[PDB]
Every structure is written in structure tokens, then in C-alpha cells.
């Protein structure tokens, strides 16, 4: 129940994908972005916070993550903002695995899709909603459970 999300930009084919990981559940939220600008990041963040619970947002020092626009947005949304990888070993590990599972799942659906955006959606549902412990939780069910104990 921390709702700390770490964002980072990644490259696949050669599309730029913005990746947000909830460090407690390993839940991933990603979006293809055209260029690495604070304008793009601000849209991703607005969509993230629209759909999820975000108390703390973390990232590297990149100007698209530190620009006044981003800092202002987070202040507005009441979101704690920190920079500097790693936040901690626990979180970084969660993030790195997530990035690798995303690229795996992305590769798996790559050959059944035309656009990366469509592939990304299918990859996210797999990772978050389909993959989980035998008789256990998926990252979504984990996130859901801590979301519940906050929105009763």
C-alpha cells in the first residue's frame, strides 16, 4: 500500500515507450511516445494518475522528467516527487524485472500485431492480468488488493 511508481523511457524496435511501474505490485503502465519531451511525459502522467493511484513518483534526472511542467503537475496532483536511480534496491529490482517481462511479452505478441501500440496493450494485459503465481496473485490482483484497502 505505497503506490510508489517509477517511470523511465525505454526503446524497443525503435519506438520510444514510457514505462511506469508500481513498485509494490510490479504492475506496469506503458505508452508509446513520439519524442522524449516533458510535454509527452505530462500526458502519460495525466493518464497514469487518471487511471491509477499514485502517491509518489520517481525517476532518473532526465530533463523530460525534471522540467518545470512535470514538477508543477506533480505538485498539483498532490504527488510526492523524487529523482535518482535507484530509489532503493527493492524497487529497482522490481522495475528491472518488469522491464524485461514487458520486452518478453512484447516480443511474444509482436508477431501477431501491426502496431507497437496494439502489441503494448496485449503485453500489458498478459504481464499484469494473466501471469501470476500458481494459485496466487497477478500484479493486478496485488495492486487491486491494496487499492481496495484504501477505497473501501
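Residue numbers count along the first chain shown, from 1.
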item	value
Per the entry, higher mean C-alpha B factor between 25-33 and 111-119	111-119
Mean C-alpha temperature factor, higher of 124-132 and 6-14	6-14
Residue 89 - Cα temperature factor, lowest/middle/highest third of chain	middle
Third of the chain's Cα B-factor distribution that residue 102 belongs to, per the entry	middle
Assigned third (lowest, middle, highest) for the C-alpha B factor of residue 64	highest
